């Protein structure tokens, strides 16, 4: 890993519309903080409804029949996505450092995980741009019938702060591969890296108005997108509570199409025949990755009785060894939480765990006197009705639950309004097949956790959301299907 610049310069802090940079109409700004220190990095333009309106107008113009973007060869959309990826790779060291600065995650992880996954996502989707065929369809009668896979049009895309660049890429790849135009609302905690990437979108040669980015708050700019009468589709990643708000805003306005990637309380099931230390280390990763700030987090670790004591002992030792510190130090495993709001809320959940009778095995408090650092925390003897067992914590707080039978753990795993992900650790073919079929989750990992690939789709069951991102499936939400049915003189096979 190239040595980081621990104070990367910030070049882009405004609203991006028609490949130009704007202040907000109000000229208001908001601070973004470095969570390692609690100090302001810079001010950022505070986009609201009137800024969103400009962005939507720009997007709609760029989507007009006969525009450069509408007429461009699909293969050329792919070329432009590949060019974007090459520019990100050129600027990989900078972007990883800026990602760490704004978000808090370790720089080694920003570089080797986030930036790698961004490159792979964009390059994957570049390949789709000229391959998502419609159909020729052997309808009854003397007709030629076929489908066109058109773009849906103006796509509102609202993303969170936990993986700023990667969440941007998961949205832009499929939308652009299929010829949509975008109005993106980046998270107020972490706007900077996506704004830099907008500069690279301009540099790559995307036509103006194809990607517009409005930094600002959720109930102002975000809600303006979800409520807008000329936005055709919204994709939202965030909390389940806000997903409700989005779907109500869509239905209340123009019945735009909605996909949602929401919260989780994902069960990680360790059968007694698992490989012990692999299970312990994967369970540790499953929960603590990215400071616990993952909707995918394995935050109910179900451990079979016969291995429970050993598994717990090992898990506690591993949590106690996990290095919390400055995210630019290569020894650091865990940076701060993103902001003070999250910091306080996680400490609040920890206090609920103690009060409700879970066993605090390690951690439980603040880890530093500056920035938002929380000790890696492990609770044992967790039970299904506890707050920490039910609600998404989004911090470094692990729940270990004991179970006896496979039928029992299916029922407890599934007894959630969430269904984003799950995992099973076992050597047994039959247990793996049974559990992967039975679990009500959009991704089931077997003998692994948090294995993402641009090829394989991701998304929720139940209140974890609707639709899928990544893979071929990621294109469906960005496609408007048009049937053309043509009278012909004489149909033949």
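Numbering follows the first chain given and starts at 1.
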| property | result |
| --- | --- |
| Comparing 135-143 with 324-332, the one whose average Cα B-factor in the PDB entry is higher | 324-332 |
| Selected stretch [higher average CA B-factor]: 125-133 or 349-357 | 349-357 |
| Residue, from 265, 105, 149, 202, that the PDB entry assigns the highest Cα B-factor | 202 |
| Highest recorded Cα temperature factor - choice among 171, 120, 185, 318 | 318 |
| CA B-factor placement of residue 470, once the chain's modelled residues are sorted into thirds | middle |
| Cα B factor band for residue 313 (lowest, middle or highest third within the chain) | highest |
| Third of chain Cα B-factors occupied by residue 217 | highest |
| Third assignment of residue 364 from its chain's C-alpha B-factors | highest |
| Entry-reported Cα temperature factor of residue 457, expressed as the chain third it lands in | lowest |
